[PDB]
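Before any comments, here is the structure.
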Amino acid sequence: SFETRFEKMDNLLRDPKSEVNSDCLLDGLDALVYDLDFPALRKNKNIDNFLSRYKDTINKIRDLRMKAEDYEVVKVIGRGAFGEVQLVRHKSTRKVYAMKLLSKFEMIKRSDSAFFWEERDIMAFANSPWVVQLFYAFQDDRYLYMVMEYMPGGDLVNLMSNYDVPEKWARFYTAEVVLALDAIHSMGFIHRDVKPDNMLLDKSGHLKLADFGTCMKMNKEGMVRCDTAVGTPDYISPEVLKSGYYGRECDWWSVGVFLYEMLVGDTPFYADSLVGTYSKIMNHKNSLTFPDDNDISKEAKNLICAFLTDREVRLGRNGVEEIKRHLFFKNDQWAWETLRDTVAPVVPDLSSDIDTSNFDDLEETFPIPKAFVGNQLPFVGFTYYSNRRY
Amino acid sequence: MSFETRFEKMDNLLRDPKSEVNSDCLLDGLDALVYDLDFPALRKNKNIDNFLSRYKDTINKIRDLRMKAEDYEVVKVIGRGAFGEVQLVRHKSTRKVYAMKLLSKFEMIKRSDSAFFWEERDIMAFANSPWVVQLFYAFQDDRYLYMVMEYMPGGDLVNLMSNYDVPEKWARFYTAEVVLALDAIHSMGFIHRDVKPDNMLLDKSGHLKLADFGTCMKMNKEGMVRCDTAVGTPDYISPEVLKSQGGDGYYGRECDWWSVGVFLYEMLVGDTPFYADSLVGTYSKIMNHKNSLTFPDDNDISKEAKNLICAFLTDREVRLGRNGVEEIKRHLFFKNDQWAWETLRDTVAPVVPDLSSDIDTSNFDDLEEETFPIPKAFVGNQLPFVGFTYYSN
Ligand SMILES: COc1cccc(CC(=O)Nc2nc(-c3ccncc3)cs2)c1
Ligand SMILES: COc1cccc(CC(=O)Nc2nc(-c3ccncc3)cs2)c1
């Protein structure tokens, strides 16, 4: 029907999950205006006139929509592969957030992924206390910005480097990681890179996963067919490393590595060279050993080994409930169903809404195109602002 | 401004039918990009290939869901112009009857001229006057621009004039309606420039509406408009608009009154006052209006009409209407006992069309497609038409 058509077409500009919603549409025009404003291209009149026409309009759009200058940068709280994360304060709302910047130039220069796409979707729509939340996603001619809730507790790498983690704490953190990974698996994703670096702590000391750079969607039979290895050298599972066809079992390998590192102090397959770490991983059968540690309980050693085995015998091959049922978790302080409502082992004592004490101390683009390059095309639709899921 | 205000303002901008960035214009921008990039030479670039491959399934859905030409059943081609053809159509679903002006995108780009249609769209779309033909929908594709208007079954004034020796009483009515119609356009901030009987359309009731606002242009701070554009068929063109060629020339609304005088002349006399075989001869006669304007030796034209014709067929500086419409309105030619200016369109028109159906084309005379070459690099042929789409409610 004529009505049906205009209704169906209408829901398409509203749906935050739609490829053609106002957010993508605005981005698309904003992209064209950016990718064409060069003298060599402006020599063509169709181009010159189009730009000259939308000049006054596109600037209004640019000022009205979310821009980076809307945020006052408090401190650079982190640095990664393709950009930097920063504690910011939205100048108008005076609200405090953690903002992940991703250099559009850097990614384009042999990025090979489009990794930020599921990183956006997961954070934007997860709706889990276990996933860091995306409030706004916006861009410009140089970067991709992710405006997420700030985790003042810092990461697990910081906790571990400041405490000799008692088993009682390791139990809590491991358990929370199990709940957190399960949530991601339920969303249909395999995390592919579970490490302390991605474990973040809130105002209350409770866990959230961040940086789903490596996330991939599981197929019909809960598998991923990635022909190349993905992850971190110590936490990588041997199956992922060799590749390949694999399942969620790989994220449990990583849990075992994390449990080991917390209680032992080092990674189970650590070796001088990164190649030596790879070697030790492939020989997990004979390389996994425990020091003379009267502290590491029989159950913990069992759990570590139940996760640090070949995929086919891994704890978690038959689901989370077999991990949950493990005696290591048997305790009188929390129940799985209410674990995040219990009181954390390390409650952060914070000085302000901008206390950066749990984050270590910290502080070029594409050339002018000869012809049409379309450098801003692979980022059309990244904006999460005009049409969001409230 | 607050963050909230800033969000809300940006929201109203995707809703406003008067906005350059409302959802329909934005859809156009993407639709254009998809059309202007789907070529193998450009697809050699991955940024391009991936963008297209990504939006492929989406853009097709958009194409079928949005208003298309195949939504309309063409009844008869009711007209033909320079860059396309007008046609009486019936919307297949609603079964509603409209006039549809088609414009060839290839022809417009080919002939340099590709922007006249803007002021035509806006005027018809937003005028909201009984004097302006109404635009209900404006839509496009890789080949044409489409304007879906209300059908004027009464036909044009050129047809009326060719079928009747217009009595002065009728000419008074038609002239008066044209004055009200032009005033409405001027009020909107536009000068028509080349007014003529061809642009005077008659409704189901025989009342007037202006159409074909191609030559139309928006006035500046001082109610003036500057132009370079070479203008053909000078018969109704004012000597100031003719003088203006190359950008040398700023003129006002006074030029549309010149054309009224030409129309009043043609109705009562039977021919155009400056008609000559060649178009150059018509131009020559216009520039020499002072000595070329003459009336035939038959007592038939009334003194008032002659004065009015001459009051409009003078140099800009002394033209009736240089001091506003009220001085035209006050002219003795209009002095009558049949209508009042304030209620003229509520009166019973001199020629009421007797029509056979909702598709009666009796007042409209009886009536290879070149294609764009493939481009080695980015041509952007679709860009001058981004945002032409408009829907009503
Ligand atoms: C992929 O290239 C980068 C660029 C910058 C930083 C990183 C590491 C990273 O992904 N860092 C994240 N940090 C948070 C965070 C930090 C503090 N509070 C809440 C969330 C969420 S993801 C990777
Ligand atoms: C130069 O570009 C063209 C292309 C096709 C036709 C024309 C002439 C024209 O502009 N003709 C019009 N006719 C109506 C109309 C006719 C009947 N009923 C309602 C509207 C509105 S504009 C010009």
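What follows draws every value from the coordinates through simple rules; no lab data is involved. Because the Cβ atoms are built from the backbone with ideal geometry, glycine has one as well, and the counts that use them run over all protein chains shown.
Sites listed here are trypsin sites (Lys or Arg not before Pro) in the stretch B:199-264 whose DSSP assignment is loop and whose Cβ has at most 15 other Cβ atoms within 10 Å: B:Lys204, B:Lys221. Counting every pair of alpha carbons in the stretch A:58-183, the share spaced more than 27 Å apart comes to 29 percent.
Distance between the pseudo-spin-label points of B:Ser292 and B:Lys92 (7 Å out from Cα toward the beta carbon): 5.1 nm. Sorting B:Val352, B:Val262, B:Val280 from the fewest to the most surrounding beta carbons within 10 angstrom yields B:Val280, B:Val352, B:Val262. Measuring max minus min along each principal axis, the C-alpha atoms of the protein assembly as shown give extents of 129, 50, 48 Å (largest first).
The trypsin sites (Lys or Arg not before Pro) of the stretch B:44-122 that DSSP puts in a loop, and whose beta carbon has at most 11 other beta carbons within 10 Å, are B:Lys44, B:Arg95, B:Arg111. Legend: Rg and Dmax of the stretch B:156-354, from Cα coordinates, 16.1, 48 Å.
With R₀ fixed at 22 Å, the C-beta to C-beta distance from A:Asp361 to A:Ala68 puts the FRET efficiency at about 0.45. Relative to the globular-protein estimate of 2.2 N^0.38 Å, the Cα radius of gyration of the stretch B:252-320 stands at 1.07.
For chain B, the 222 nm mean residue ellipticity estimated from helices alone, with every DSSP H stretch of n ≥ 4 adding -39500 (n - 2.57) and the total spread over all residues, rounds to -10500 deg cm²/dmol.
The three principal axes of the C-alpha atoms in the stretch B:181-237 carry coordinate ranges of 37, 27, 14 Å, sorted with the longest axis first. Taking only the Cα atoms of chain B, the ratio Rg/Rh comes out at 1.01, with Rh defined as the Kirkwood radius.
Residue-normalised convex hull volume from the C-alpha trace of the stretch B:250-383: 297 Å³ per residue.
Start at zero, step by 10 Å, and the Cα-Cα distances of the stretch B:1-131 spread as 9, 24, 37, 22, 7, 0 percent across the bins.
With a/c under 1.5 counting as rounded, go ahead and sort the stretch B:177-292 into rounded, prolate or oblate using the C-alpha gyration tensor (a ≥ b ≥ c being the square roots of the eigenvalues; past the cut-off, prolate if a/b is larger than b/c, else oblate). Taking the square roots of the gyration eigenvalues as a ≥ b ≥ c, the stretch B:177-292 is oblate. Beta bridges per DSSP, both residues in chain B: antiparallel share near 95 percent. With the convex hull drawn around the C-alpha atoms of the stretch B:123-245, the volume per residue stands at 149 Å³. Is the stretch A:218-263 rounded, prolate or oblate when judged by the Cα gyration tensor, a ≥ b ≥ c being the square roots of its eigenvalues, rounded requiring a/c under 1.5 and prolate requiring a/b larger than b/c? Cα axes put the stretch A:218-263 in the oblate bin. Each of A:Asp355, A:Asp295 has some number of other Cβ atoms within 10 Å of its Cβ, and from fewest to most they run A:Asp295, A:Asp355.
Note on A:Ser103, B:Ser93: ascending count of other Cβ atoms within 10 Å places them as B:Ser93, A:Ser103, the fewest first. I'd like the FRET efficiency for A:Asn302 and A:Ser273, computed as 1/(1 + (r/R0)^6) with the beta carbon distance as r and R0 of 25 Å, rounded to 0.05. Between A:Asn302 and A:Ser273 the formula returns 0.25.
For the stretch B:85-140, the alpha-carbon coordinates run over 36, 27, 15 Å along the three principal axes, in decreasing order.
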